[PDB]
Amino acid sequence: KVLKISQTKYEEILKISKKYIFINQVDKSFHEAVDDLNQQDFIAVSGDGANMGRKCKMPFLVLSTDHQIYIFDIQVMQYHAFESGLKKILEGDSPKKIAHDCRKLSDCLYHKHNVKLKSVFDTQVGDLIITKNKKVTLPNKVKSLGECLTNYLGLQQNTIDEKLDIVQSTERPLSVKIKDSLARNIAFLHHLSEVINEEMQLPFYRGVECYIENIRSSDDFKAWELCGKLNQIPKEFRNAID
């Protein structure tokens, strides 16, 4: 069962988590960020800031590429940020938004920002599918972002700062501590998505490999036999997909 991210990759991501860009005006850097995000097939979006769903506006929005994290100050820009590129990004078929449990976020964006989130790769729904396909029954609990980062990447339990201070989040200037945290909370989302995608698809890829080998690697006798029994699934196959 054991799945741990490489050191090298960890370090790459940790660098990126410190290299965030904070944007609080519709300016040069805002358009550079919107261009950057629009150049990607996949971007990521954090749930941080929409923990109250429709009850409450977002004070910030965190979006990333693979290579660069962006923190948009929504409290300051308000609808002007959405209307200058962010609503299009979020509502569009492309780019896909990677998210972990986007339920509150969908809710918040629609009713408070007039943004109909669409086209999403949801790592929490991913974990559910992987669990359902493995252990046959789907579980009753879902897994937080932190638990997934632990089970899929081997990161320590409390990497995610799950209780951002509601009052400091609305205070300005926004603290470095909050920012560093928002950046850390999003920074692994890409790689997690890419591990979870792989695990969802593995039973298929492994099944195909089992097919490519099943006859080709047998000795002549068993090869012949197996050609007579093609309507059956290979004996190894149940095994290979688990």
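Note that residue numbering follows the sequence shown and begins at 1.
Asker: Which of the two stretches, 94-102 or 158-166, shows the higher mean Cα temperature factor in the record?
Answerer: Per the deposited B-factors, the answer is 158-166.
Asker: Quick one: say whether 77-85 or 132-140 has the higher mean Cα B-factor in the deposited entry.
Answerer: Result of the comparison: 132-140.
Asker: Using only modelled residues of the chain, where does the Cα B factor of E147 rank: lowest third, middle third or highest third?
Answerer: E147: CA B-factor falls in the middle third of its chain.
Asker: Just say lowest, middle or highest third for the CA B-factor of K118 relative to the other modelled residues in its chain.
Answerer: Lowest third of the chain for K118's C-alpha B-factor.
Asker: According to the PDB entry, is the CA B factor of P59 in the bottom, middle or top third of its chain, that is, lowest, middle or highest?
Answerer: For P59, whose C-alpha B-factor we compare with every modelled residue in the chain, the answer is the middle third.
Asker: Considering only modelled residues of the same chain, in which third does the CA B-factor of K179 rank: lowest, middle or highest?
Answerer: Within its chain, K179 is a middle-third residue by C-alpha B-factor, going by the deposited values.
Asker: Sorting by Cα B-factor within the chain, modelled residues only, which third would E213 end up in: lowest, middle or highest?
Answerer: For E213, whose C-alpha B-factor we compare with every modelled residue in the chain, the answer is the middle third.
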